[PDB]
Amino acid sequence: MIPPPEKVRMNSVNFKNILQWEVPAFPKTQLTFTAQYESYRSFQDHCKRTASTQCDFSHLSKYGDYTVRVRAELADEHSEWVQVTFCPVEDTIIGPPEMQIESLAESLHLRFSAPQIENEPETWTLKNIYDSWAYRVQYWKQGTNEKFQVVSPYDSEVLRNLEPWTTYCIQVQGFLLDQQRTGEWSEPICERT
């Protein structure tokens, strides 16, 4: 028999759904893999006898509950399947939003941009799919470890009343106001007051 794929995972961020596996411990470098998804009663081939260690599942519906499986194969004999359960809008990772800061004077003006989703040939953002999308802002200076937080549902925010001539560094993340779902933080972008 053939050993099945190892460390199989669906790497999904911003609805970029990629099923990833690793080539198994096998001293014979002749090995093909085939990946499938569920279409109602029946499975659909998506990657058929590929040499690659990944398969792109971004064409899947957001609101669809899908189960994905992959096997390594050679000749007529195949491996056991390794299945994962997967629903994009519930399970994908919320990428970090983009932010620009325009500090005029004793103020910090923020502007946000939700991550764009690759499912659609149109400019859709994760904010366009989730009905409860909002931004968490976390701010501090550069000599303190202490933090402060503000939540905003709009693409703009102004941090008002702070000490002047102090460089601040801020980050933003996506989250849902009706879920316990947190998105990934951005890296702090800093602008001087």
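Quick note: we count residues from 1 along the sequence shown, nothing fancier.
**Student:** Pick between 176 to 184 and 12 to 20: the one whose mean CA B-factor in the entry is higher.
**Tutor:** Going by the record's values, the stretch with the higher mean is 176 to 184.
**Student:** Could you check the entry and say whether 127 to 135 or 23 to 31 has the higher mean CA B-factor?
**Tutor:** Here the higher of the two C-alpha B-factor means belongs to 23 to 31.
**Student:** From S152, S52, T144, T67, which pick has the Cα B-factor that tops the rest in the entry?
**Tutor:** It is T144.
**Student:** Rank-wise, by C-alpha B-factor, drop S107 into the lowest, middle or highest third of its chain.
**Tutor:** Middle third.
**Student:** Sorting the chain's CA B-factors, does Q116 end up in the lowest, middle or highest third?
**Tutor:** CA B-factor rank for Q116: lowest third.
**Student:** Where does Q36 sit by CA temperature factor within its chain: lowest, middle or highest third?
**Tutor:** Middle third.
**Student:** Of the three thirds of its chain by CA temperature factor, lowest, middle or highest, which one includes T85?
**Tutor:** As the PDB entry reports it, the C-alpha B-factor of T85 lands in the middle third of its chain.
**Student:** Taking only the Cα B-factors deposited for this chain, tell me whether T166 sits in the lowest, middle or highest third.
**Tutor:** Highest third - that is where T166 ends up once the chain's C-alpha B-factors are sorted.
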